[PDB]
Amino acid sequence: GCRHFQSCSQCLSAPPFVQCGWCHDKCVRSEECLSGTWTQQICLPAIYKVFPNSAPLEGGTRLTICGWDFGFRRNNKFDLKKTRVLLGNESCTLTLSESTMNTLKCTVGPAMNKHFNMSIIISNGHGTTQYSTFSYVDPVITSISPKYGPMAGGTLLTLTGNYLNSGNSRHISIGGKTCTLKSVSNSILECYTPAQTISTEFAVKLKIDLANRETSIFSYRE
């Protein structure tokens, strides 16, 4: 009955007539609570996964923080208005329309230094919880191969470098046309070259969120 609700947030969101409260690990009425920890207001935050693990220095990356009880029950009604997300000394701005009590969404800002193993702190009004695994990387293209191909496209273009698998999405392009991905990794990005209607040269541009990277020119032979 009252024991249907499994999370602390869902428990305090339960309809008033059921008269439910949270007893450490169960949604239960106060008359049958066996520790002095029963509450209808307090919910401590908790993270268990965060993706992507890293962002380019330019930022713009939107994080996805899964967990529990990220909200705050104000005036007997939950919202994310009290929720704060701190990535080190800067804060990630939350997008409320895509966020909930169990998962948060927020865009990281730009950094100028590399930083590895940075801490993500989340406060929900009652408490804070941490995640010590985030990094600001600086993606680099060391080479491309082959440096030429047919105007038909379909050349399997291999980009090579570091930090090419951060953060949200990779978008390689040539001539303003999309270079469709075959495989992604930290070191190698394979993609098939788009079909141009002219035999001409283009720099291979990689787009990682707000980060932009040019590399070697790619010639389209006839």
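Each residue number is its position in the shown sequence, starting from 1.
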- Query: Hey, which bit's got the bigger mean C-alpha B factor in the entry, 28-36 or 182-190?
  - Reply: 28-36
- Query: According to the deposited model, is the average Cα temperature factor higher in 67-75 or in 146-154?
  - Reply: 146-154
- From 95, 113, 100, 83, residue of greatest CA B-factor: 113
- Could you tell me which third, lowest, middle or highest, the C-alpha B-factor of residue 89 occupies within its chain? highest
- Message: Which third, lowest, middle or highest, does the C-alpha temperature factor of residue 55 belong to within its own chain?
- Response: lowest
- Message: By the recorded C-alpha temperature factor, relative to the other modelled residues in its chain, which third is residue 203 in?
- Response: lowest
- Task: State the tercile, meaning the lowest, middle or highest third, of residue 124 with respect to the CA B-factors recorded for its chain.
- Result: lowest
- B-factor third for the C-alpha atom of residue 118 within its chain: highest
